[PDB]
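Worksheet: the structure to be examined is printed underneath.
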Amino acid sequence: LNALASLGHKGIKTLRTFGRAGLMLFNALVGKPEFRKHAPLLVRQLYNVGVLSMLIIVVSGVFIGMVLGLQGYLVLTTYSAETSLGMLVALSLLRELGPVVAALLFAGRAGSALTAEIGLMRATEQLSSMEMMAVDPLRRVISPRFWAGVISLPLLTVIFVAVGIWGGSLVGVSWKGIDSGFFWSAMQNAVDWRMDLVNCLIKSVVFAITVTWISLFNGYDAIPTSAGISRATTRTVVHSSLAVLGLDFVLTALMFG
Amino acid sequence: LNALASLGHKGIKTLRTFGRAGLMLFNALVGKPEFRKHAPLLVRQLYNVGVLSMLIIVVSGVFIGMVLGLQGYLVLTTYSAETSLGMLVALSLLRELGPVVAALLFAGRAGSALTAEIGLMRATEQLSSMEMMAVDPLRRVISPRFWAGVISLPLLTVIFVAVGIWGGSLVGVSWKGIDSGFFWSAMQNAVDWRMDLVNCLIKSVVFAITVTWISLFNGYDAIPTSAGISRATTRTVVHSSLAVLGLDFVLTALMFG
Amino acid sequence: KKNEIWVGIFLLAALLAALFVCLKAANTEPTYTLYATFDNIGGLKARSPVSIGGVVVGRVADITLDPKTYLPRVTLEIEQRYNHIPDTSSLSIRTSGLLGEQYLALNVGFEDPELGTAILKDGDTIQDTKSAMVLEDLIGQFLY
Amino acid sequence: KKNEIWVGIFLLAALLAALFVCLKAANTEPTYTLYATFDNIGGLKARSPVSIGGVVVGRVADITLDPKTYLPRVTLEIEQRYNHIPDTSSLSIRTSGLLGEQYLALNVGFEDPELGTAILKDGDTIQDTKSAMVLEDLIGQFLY
Amino acid sequence: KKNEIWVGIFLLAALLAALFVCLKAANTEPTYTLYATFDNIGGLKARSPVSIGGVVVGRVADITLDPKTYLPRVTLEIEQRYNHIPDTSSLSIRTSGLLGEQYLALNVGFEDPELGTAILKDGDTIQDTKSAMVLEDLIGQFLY
Amino acid sequence: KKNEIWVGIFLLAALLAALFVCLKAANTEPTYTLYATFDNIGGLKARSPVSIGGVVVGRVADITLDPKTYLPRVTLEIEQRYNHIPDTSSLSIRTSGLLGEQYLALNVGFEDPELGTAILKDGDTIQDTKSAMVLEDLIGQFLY
Numbered sequence: 003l004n005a006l007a008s009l010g011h012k013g014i015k016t017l018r019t020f021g022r023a024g025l026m027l028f029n030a031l032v033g034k035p036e037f038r039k040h041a042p043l044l045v046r047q048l049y050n051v052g053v054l055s056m057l058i059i060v061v062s063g064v065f066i067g068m069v070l071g072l073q074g075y076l077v078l079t080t081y082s083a084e085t086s087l088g089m090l091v092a093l094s095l096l097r098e099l100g101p102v103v104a105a106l107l108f109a110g111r112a113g114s115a116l117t118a119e120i121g122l123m124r125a126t127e128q129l130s131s132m133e134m135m136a137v138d139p140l141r142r143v144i145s146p147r148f149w150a151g152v153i154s155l156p157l158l159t160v161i162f163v164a165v166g167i168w169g170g171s172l173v174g175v176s177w178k179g180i181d182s183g184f185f186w187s188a189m190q191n192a193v194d195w196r197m198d199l200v201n202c203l204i205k206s207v208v209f210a211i212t213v214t215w216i217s218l219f220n221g222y223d224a225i226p227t228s229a230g231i232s233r234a235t236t237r238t239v240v241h242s243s244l245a246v247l248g249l250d251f252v253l254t255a256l257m258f259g
Numbered sequence: 003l004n005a006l007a008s009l010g011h012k013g014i015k016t017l018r019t020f021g022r023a024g025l026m027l028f029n030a031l032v033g034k035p036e037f038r039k040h041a042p043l044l045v046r047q048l049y050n051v052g053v054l055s056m057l058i059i060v061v062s063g064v065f066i067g068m069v070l071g072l073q074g075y076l077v078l079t080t081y082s083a084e085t086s087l088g089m090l091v092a093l094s095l096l097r098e099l100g101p102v103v104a105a106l107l108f109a110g111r112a113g114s115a116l117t118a119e120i121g122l123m124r125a126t127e128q129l130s131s132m133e134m135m136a137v138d139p140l141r142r143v144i145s146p147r148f149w150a151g152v153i154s155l156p157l158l159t160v161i162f163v164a165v166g167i168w169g170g171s172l173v174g175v176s177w178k179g180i181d182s183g184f185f186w187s188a189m190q191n192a193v194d195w196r197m198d199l200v201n202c203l204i205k206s207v208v209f210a211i212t213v214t215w216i217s218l219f220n221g222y223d224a225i226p227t228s229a230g231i232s233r234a235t236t237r238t239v240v241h242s243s244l245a246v247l248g249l250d251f252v253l254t255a256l257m258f259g
Numbered sequence: 004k005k006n007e008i009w010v011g012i013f014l015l016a017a018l019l020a021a022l023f024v025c026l027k028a029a030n036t037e038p039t040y041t042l043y044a045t046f047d048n049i050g051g052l053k054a055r056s057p058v059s060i061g062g063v064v065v066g067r068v069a070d071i072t073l074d075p076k077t078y079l080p081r082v083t084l085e086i087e088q089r090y091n092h093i094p095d096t097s098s099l100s101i102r103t104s105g106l107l108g109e110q111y112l113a114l115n116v117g118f119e120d121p122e123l124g125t126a127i128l129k130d131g132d133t134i135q136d137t138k139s140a141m142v143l144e145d146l147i148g149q150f151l152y
Numbered sequence: 004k005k006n007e008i009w010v011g012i013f014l015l016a017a018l019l020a021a022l023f024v025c026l027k028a029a030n036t037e038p039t040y041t042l043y044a045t046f047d048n049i050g051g052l053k054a055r056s057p058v059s060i061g062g063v064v065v066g067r068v069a070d071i072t073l074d075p076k077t078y079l080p081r082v083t084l085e086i087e088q089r090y091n092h093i094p095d096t097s098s099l100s101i102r103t104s105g106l107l108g109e110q111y112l113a114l115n116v117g118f119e120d121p122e123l124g125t126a127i128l129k130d131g132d133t134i135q136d137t138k139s140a141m142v143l144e145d146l147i148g149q150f151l152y
Numbered sequence: 004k005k006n007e008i009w010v011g012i013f014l015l016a017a018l019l020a021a022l023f024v025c026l027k028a029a030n036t037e038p039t040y041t042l043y044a045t046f047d048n049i050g051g052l053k054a055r056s057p058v059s060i061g062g063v064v065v066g067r068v069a070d071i072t073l074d075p076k077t078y079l080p081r082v083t084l085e086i087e088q089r090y091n092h093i094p095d096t097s098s099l100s101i102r103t104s105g106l107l108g109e110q111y112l113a114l115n116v117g118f119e120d121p122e123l124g125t126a127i128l129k130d131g132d133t134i135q136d137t138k139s140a141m142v143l144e145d146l147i148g149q150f151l152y
Numbered sequence: 004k005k006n007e008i009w010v011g012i013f014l015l016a017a018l019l020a021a022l023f024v025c026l027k028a029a030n036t037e038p039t040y041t042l043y044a045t046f047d048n049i050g051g052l053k054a055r056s057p058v059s060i061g062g063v064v065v066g067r068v069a070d071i072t073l074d075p076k077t078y079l080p081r082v083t084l085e086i087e088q089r090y091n092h093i094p095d096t097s098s099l100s101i102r103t104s105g106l107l108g109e110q111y112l113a114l115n116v117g118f119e120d121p122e123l124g125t126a127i128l129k130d131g132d133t134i135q136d137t138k139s140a141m142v143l144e145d146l147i148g149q150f151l152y
């Protein structure tokens with residue numbers, strides 16, 4: 003009974019949750035178009051999701067590029083190998099630390115702010131009065147928030163990389179006196195356009211669809227009580243950033259193995 | 003006029019915000035004690051803040067320990083220096099990547115969940131009906147949430163480190179076949195108890211007081227409207243994790259320079 | 004409802020198929041195994057490759073020691089295509105580079121096969137080996 | 004309006020940062041293929057640089073082994089701009105420094121011939137090779 | 004409940020069927041102690057290996073120094089899978105690595121023994137031990 | 004009791020993990041100071057080890073150069089447990105491997121006297137030293 007049925011009870015309830023989240027997105031994207039009422043609304047959500055998150059990625063992009071330059075130099079300088087520091091900074095970022103750490107910092111700021119907003123909008127009766135005015139809430143609220151999230155992440159990755167590469171080029175070339183020509187020339191013929199640059203672009207788009215979907219669904223199907231929204235915000239950061247670290251292992255076994 | 007007075011207007015308003023946040027904490031902590039009504043409430047908030055955040059730190063602790071083992075091995079193995087891999091994994095974590103990356107993942111999950119909760123509690127009239135029942139909201143809501151946040155971070159750091167060190171000991175010793183004795187013996191006499199272990203404990207406590215204070219204040223003095231809580235949640239993750247990366251540079255110039 | 008079950012099955016079946024065709028397209037050996045008895049295999053491992061010339065013809069499988077006379081024994085794995093190797097060939101333990109991996113080099117020993125050479129098959133022996141070098145015996149030979 | 008300027012900067016700051024990666028961090037002609045049989049390639053993998061003088065003129069396509077002779081044949085791939093290479097030329101596998109990877113180094117033949125020289129083209133075979141070296145038998149000659 | 008039975012049956016089975024199947028494709037030991045007395049242990053420390061040829065058979069637990077003679081005294085821990093080693097065996101500190109870390113190679117005293125030479129047991133002493141070498145004296149021998 | 008149990012696992016797994024860091028990467037006795045005058049210390053820092061045979065007995069404290077007769081003077085700090093050192097002993101500055109650190113080396117005396125020599129104690133000047141070797145005159149020896 004209890005070990006047998008209650009695991010059947012509590013696993014079927016997950017099969018409704020996957021079905022409630024799929025039916026939400028099909029009714030949000032696949033719709034009757036409007037290109038001069040959603041396009042002013044896309045500029046607002048491209049500002050809210052992206053632009054306010056641009057300060058946290060610039061400042062935390064320089065830092066993680068620096069500590070791979072500091073701790074990368076001190077362990078390499080005994081063998082007189084500091085002219086291969088750029089092959090460590092600009093390959094940790096372009097392969098793994100770029101698409102992943104810029105995803106966990108996106109699911110934190112933008113992932114919680116979308117779930118705590120549509121959750122509180124549902125509790126302060128602004129989704130019941132909007133749908134009782136012949137205005138679709140899945141086309142007004144969810145639809146310009148999905149497209150502004152699948153756009154803001156692959157652009158925030160290349161700002162995280164290009165200051166991380168420059169951040170390692172500040173303690174390499176300038177602070178610790180590695181040569182200005184041997185540093186960059188050893189980085190250039192180790193980075194290929196197909197294996198290291200496009201395969202970072204493919205990683206960011208898959209993480210953008212994943213993070214934005216879980217962030218809007220947990221803020222739509224949330225209990226509107228006090229702790230209902232506080233444990234839908236926790237449910238966003240954990241579930242959508244385990245699917246980053248779960249999909250990254252699958253993708254890094256396919257694109258680099 | 004406009005360039006002169008409006009920067010005086012909008013800078014004085016920050017001097018009230020620093021004063022509103024200081025007066026909040028003095029009235030929350032400094033109070034008339036109660037050790038059998040706050041102690042059952044501390045166990046709830048130690049569960050909500052800490053235990054639900056323990057899965058995101060374990061899984062993301064193994065990953066960042068692995069990529070410093072993968073990209074640390076491939077750049078070191080040409081000089082036959084792979085027996086000094088542990089001095090790179092267990093010194094990136096114990097010095098910088100431990101107290102900082104486990105702080106940005108704390109300000110994401112626990113930092114937003116505290117601000118989106120006390121914000122929505124204020125908007126659904128549960129802080130006005132609590133203070134009109136001779137029950138102090140700064141001693142019931144803020145006070146067991148501050149002490150359960152200054153405790154859950156220095157314990158979540160040493161779980162982030164001890165799986166990051168083990169994560170680099172999985173691709174070092176087991177997967178890439180570095181020797182089981184030369185790996186650990188080169189890590190042991192490079193880690194000192196005063197410079198690398200206590201100075202990681204001091205870093206985590208300072209980040210715990212900083213993150214928890216900003217997370218409760220932005221969820222107390224928030225506008226209770228729809229976008230008032232969504233831009234107090236954004237204001238939490240940006241401001242409290244710039245004070246991580248701002249205090250880290252000051253502390254790493256004092257404890258390691 | 005009934006819409007929320009036929010979609011949740013279809014969304015889980017689509018995702019699990021997409022991962023289990025991605026892992027199968029990201030992750036078989038027509039070989040035969042030989043053995044050899046060395047003296048010093050210093051630096052070899054359980055996966056170091058065996059090679060003719062410089063091209064890889066297989067991979068060492070086991071490194072199990074012989075516990076009667078304490079000489080280390082290896083269990084090679086030569087792929088099926090390079091069958092006709094004489095019984096009298098060679099072996100060696102060389103270093104790929106100057107400091108690299110110790111790869112177990114080969115040498116197809118053909119001198120002038122008039123009368124007939126034995127050809128190795130599943131589970132034979134190599135009787136001619138050449139153990140690795142050690143830095144102390146070289147300095148012991150140079151500085152004395 | 005104030006959130007339209009800040010989107011117009013955000014699309015520019017990602018355009019200026021995708022231009023720094025593609026230029027400061029990363030700086036396909038028709039090619040004709042040639043064949044050669046060494047005796048011992050050192051560490052030549054696939055897509056390893058061929059060089060005349062020190063500038064790279066091509067890579068190595070295939071590395072596969074000879075059946076019933078077991079001597080390695082390489083498959084070079086040189087661009088169709090250096091068409092006038094004389095077939096008195098010689099290859100020699102050289103390392104790149106002291107701990108470098110490996111490369112192949114072509115030397116053209118200068119003779120000023122009067123008997124009708126040669127021309128290398130598609131499907132030709134560059135003989136007159138030189139195999140790589142091995143550090144085990146460098147010190148073996150150094151000792152005795 | 005019969006409808007809520009198989010949803011928990013096949014889920015908890017295939018989460019535990021994958022648990023055993025990921026267990027087998029992933030995957036301490038009784039040892040015994042020995043002693044020695046060297047003169048110059050260079051970079052030898054605790055946990056440095058003890059290898060009979062090329063296969064690791066032990067570690068070094070403690071490396072403490074004797075009083076009133078001031079010669080070091082290592083404490084090996086050879087695995088109990090190997091016990092046939094005669095008392096006439098030798099020990100020598102070789103040199104792996106490049107920063108100065110050192111291991112112990114164990115040349116056995118296999119001389120086809122003439123009386124049943126004493127096999128080692130818990131807490132005995134190997135007396136034929138060649139101490140490690142330092143390159144600050146090899147250069148001194150080389151160039152006065 | 005789902006809350007009160009899962010908090011107890013949190014204060015346990017943060018102690019199982021803090022034991023891991025402290026027992027893996029961490030595996036104060038009274039001393040007595042000794043002095044020695046050199047000619048050229050190579051790379052002797054502060055808190056650089058002293059070794060009798062290869063076991064560390066103490067560290068270097070100060071590195072001060074003597075005015076008016078410029079020759080570097082070290083300030084050793086040897087633990088007050090190895091008190092039985094005779095005053096005929098030597099020092100030498102060595103290094104661990106090739107690419108290592110300049111540590112030190114203390115060599116005790118075996119000369120079995122009868123006249124009665126001395127013993128080392130707090131504040132004593134160890135003469136009969138030997139300064140570090142410089143690279144640029146080693147190549148000056150080998151070439152001239």
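Residue numbers (the deposited numbering), protein chains in the order written: chain A, 3 to 259; chain D, 3 to 259; chain H, 4 to 30, 36 to 152; chain G, 4 to 30, 36 to 152; chain I, 4 to 30, 36 to 152; chain J, 4 to 30, 36 to 152.
Think of the CB as a built atom: it goes at the ideal place given N, C-alpha and C, for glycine as much as any other residue.
- Distance check between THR212(D) and each of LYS12(D), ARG237(D), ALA245(D) places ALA245(D) closest, using alpha-carbon atoms only.
- Residues of chain J with a Cβ closer than 9 Å to the Cβ of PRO94(I) do not exist, since the nearest Cβ in that chain sits about 27 Å away.
- Shortest Cα-Cα distance from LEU72(A) to any of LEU199(A), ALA192(A), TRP186(A), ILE180(A) involves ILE180(A).
- Excluding its 5 nearest sequence neighbours in each direction, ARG55(G) has C-beta neighbours in its own chain below 7 Å: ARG67, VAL68, listed in chain order.
- For the stretch 106-117 of chain H, the set of positions with a beta-carbon nearer than 7 Å to some beta-carbon of chain D reads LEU107 in chain order.
- The CB of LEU25(A) comes closer than 8 Å to the CB of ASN6, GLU7, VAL10 in chain H, given here in chain order.
- The DSSP-derived three-state label of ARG38(A) is coil.
- Rounded to whole angstroms, the gap between the alpha carbons of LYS53(G) and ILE71(G) is 7 Å.
- In the structure shown, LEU90(A) adopts helical secondary structure according to DSSP, grouped into three states.
- Here the stretch 140-156 of chain A lies against the stretch 28-44 of chain A, with 3 or more beta-carbon pairs under 8 Å apart.
- A Cβ of chain H is located within less than 7 Å of the beta carbon of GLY61(I).
- For a cut-off of 8 Å, the C-beta gap from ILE58(A) to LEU107(A) is around 6 Å, short enough to register as a contact.
- In the structure shown, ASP145(H) adopts helical secondary structure according to DSSP, grouped into three states.
- Residue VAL65(G) holds the alpha-carbon nearest to the alpha-carbon of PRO57(G) among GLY51(G), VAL65(G), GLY50(G).
- DSSP places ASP70(J) in the strand class (E or B) of the three-state scheme.
- Identification of residues in the stretch 72-88 of chain I having a C-beta nearer than 8 Å to some C-beta of chain J yields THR72, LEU73, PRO75, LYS76, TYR78, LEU79, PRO80, given in sequence order.
- Residues of chain H with a Cβ closer than 9 Å to the Cβ of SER217(D) do not exist, since the nearest Cβ in that chain sits about 35 Å away.
- The C-beta distance from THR103(H) to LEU143(G) rounds to 6 Å, short enough to fall under 8 Å.
- In the DSSP assignment, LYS138(I) falls within the unbroken beta strand (DSSP E) covering 136-138.
- For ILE49(J), the secondary structure class from DSSP, reduced to helix, strand or coil, is coil.
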